[PDB]
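Before any questions on how it binds or moves, here is one chain, the form deposited in one PDB entry, in structure tokens.
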């Protein structure tokens, strides 16, 4: 909200003093971003466009400088008032930087240049380092998009093995439940949008708002009516069956999908005791698909048990791949879901002869919150600075060979393989490779911009 609308204070304190630490005669700087490794060997790049639209949404003003000067002096940090006033008076408050990035949605192996940031003004050379804090938080949507993309490859493998329509089923198989389990509204919106790079299903309404505001997508994803277990219990134990019947009355129509939550024990009770007969009849009669969500028991075992019991209650058809597809009902597991338990569910139910069509997964905190900057070892590093007119390589260690100088990313035309390279190598390899970065932002203006459908196309084409 309004209280955070000062770019000059959107940084680590010690970076305010940073411009005093450069050698004399410095007049340019050059930084890049990469994943240095971590959980996965490749990352889906996403979220920079939102960060730039939201964190740099207007020119810097003299009022911003007044406010920052007062706060930083009371807080304990030096502040380059004169440098920022020059940016406001001479450059219209527009940040003198150029940002290039790989198109959002592309999946890039680790240890590769994902973005670069370069100063465009000799006197205000220090601006890139000032933005390190807000830019480096691109680790978050990158890492969430990556986790969701890795899960998609797992689900896709099993649908390719067991489903007659793998790519028609896939977009609905991982549903975001994480809005209550993430650390803030802004994180829900941006993290939720990172999941929508890969899937259509979300309960995180905030992600629809961000996709609509920042990625030109009015309705980025979908959901269905679903029961809350507490409101079921509030009918009392004697009318428990009537609460589920009300769910059908309100929402079960032909072509409609509605989700019901129940503990595992009560699902077994309804499939044995004869009060479930009325329930089975109205389910069949409605023409809807009813998704059952078990919310107790071992996350893996209970799915297989639901499939076996629902099979006994509703029957199945055998599809073209030889796998069973339940009639009328499906299962979603929203508990204990992370990439490892999800795979374990898929291995277990397909070994039992059930199509992956039968099952979907809800992920909450494990999707939006249980990630950190170390997950994909995200880093923003200075690789070159210009002193007295000469560019000099900057680096910590010489060998992982270490990236230095003014860098870019290349894509091999024949193989599609990515590699990092000096800007001077784009000319010499013009026949076999193309520069894979694009200029997304320069001197206060966003240049290349994506819709979410464009991002989704890049990510969907990538495979393991």
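Numbering follows the first chain given and starts at 1. C-alpha atoms forming the largest set that superposes within 1.5 Å between two forms make up the rigid core.
Heads up, the form deposited in another entry isn't pictured, but that's what we're talking about next.
For the set 334, 276, 201, 297, a Cα shift of at least 2 angstroms between the shown form and the other one, after rigid core superposition, holds for 276 and for no other residue. Core-superposed comparison between the shown form and the other one: the CA of residue 266 exceeds or equals a 2 Å shift. In summary, the C-alpha positions of residue 265 and residue 313 diverge in that other deposited form, ending up at least 3 angstroms farther from each other than in this conformation. Inter-residue distance, residue 272 to residue 247 (Cα): reduced by at least 3 Å in that other deposited form versus the depicted form.
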